[PDB]
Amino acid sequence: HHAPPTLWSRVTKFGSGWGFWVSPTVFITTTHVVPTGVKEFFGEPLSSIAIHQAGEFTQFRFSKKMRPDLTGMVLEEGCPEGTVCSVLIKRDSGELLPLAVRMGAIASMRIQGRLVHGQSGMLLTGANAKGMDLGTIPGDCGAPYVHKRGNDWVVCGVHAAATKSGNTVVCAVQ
């Protein structure tokens, strides 16, 4: 494999997209994917969830141990610029599509009206990454950006946007 099955099992369907289990109690995702006007998430009422949203990055910390099968991993404050990361794309249809990305700079961006604390990067999957097979598409938001700090995997962002060209992607960062 590229990424272990345990890392993929952290990628969970959520709203119009996906999120990522950092630990048994920390779930991260992309803000525009998150349900609104709900009294609960994953069965838990809001009073049992520390909810924090800042410019397309959303963190939940549950009081209940939600995924105790998991150990905690590091959430970095952004990806290391210039390094190659992996976007762990799951699809509706069951495919696992880990897309390699070389990460650009962390910058602030207004995007379709919303203020994004984001980080661009360039896919390494083809000359263009237009379309379904080599790039990110609607429904993919929330997928984690990961890389290995030595012998351990870390996560540094959640997927938020891509150009129509397809080569440039943006993740939301802390």
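In case it trips you up, residue 1 is the first one in the sequence shown, and so on. Only the largest set of C-alpha atoms that superpose within 1.5 Å between the two forms is called the rigid core.
Asker: Superpose on the core, then say which of 92-100 and 67-75 ends up with the larger RMS Cα offset from this form in 8 other deposited structures of this protein.
Answerer: Of the two stretches, the larger average C-alpha offset in 8 other deposited structures of this protein falls on 92-100.
Asker: Do you reckon 52-60 or 135-143 strays further from the shown form in 8 other deposited structures of this protein, measuring C-alpha RMS after a core fit?
Answerer: Higher average C-alpha offset in 8 other deposited structures of this protein goes to 135-143.
Asker: Quick check on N128: across the other compared entries (only those modelling residues on both sides), is it unmodelled in a third or more?
Answerer: Yes, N128 lacks coordinates in at least a third of the other compared entries that model both of its neighbours.
Asker: Using only the Cα atoms and their B-factors as the entry lists them, report which of 108-116 and 24-32 averages higher.
Answerer: 108-116 has the higher mean C-alpha B-factor.
Asker: May I ask you to compare 63-71 and 134-142 by their mean CA B factor in the entry and name the higher one?
Answerer: Mean CA B-factor is higher for 63-71.
Asker: Hey, what third does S16 fall into on Cα B-factor, ranked over its chain?
Answerer: Ranked within chain, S16 CA B lands in the middle tercile.
Asker: Splitting the chain's C-alpha B-factors into thirds, which one does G78 fall into?
Answerer: Tercile = middle for this residue's CA B-factor.
Asker: Taking the entry's C-alpha B-factors for this chain, is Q53 in the lowest, middle or highest third?
Answerer: Its C-alpha B-factor, which the entry lists for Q53, ranks in the lowest third among residues of this chain.
Asker: Going by the recorded CA B-factors, say which third of the chain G126 sits in, lowest, middle or highest.
Answerer: Tercile = middle for this residue's CA B-factor.
Asker: Is the Cα B-factor recorded for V170 in the lowest, middle or highest third of its chain?
Answerer: Tercile = lowest for this residue's CA B-factor.
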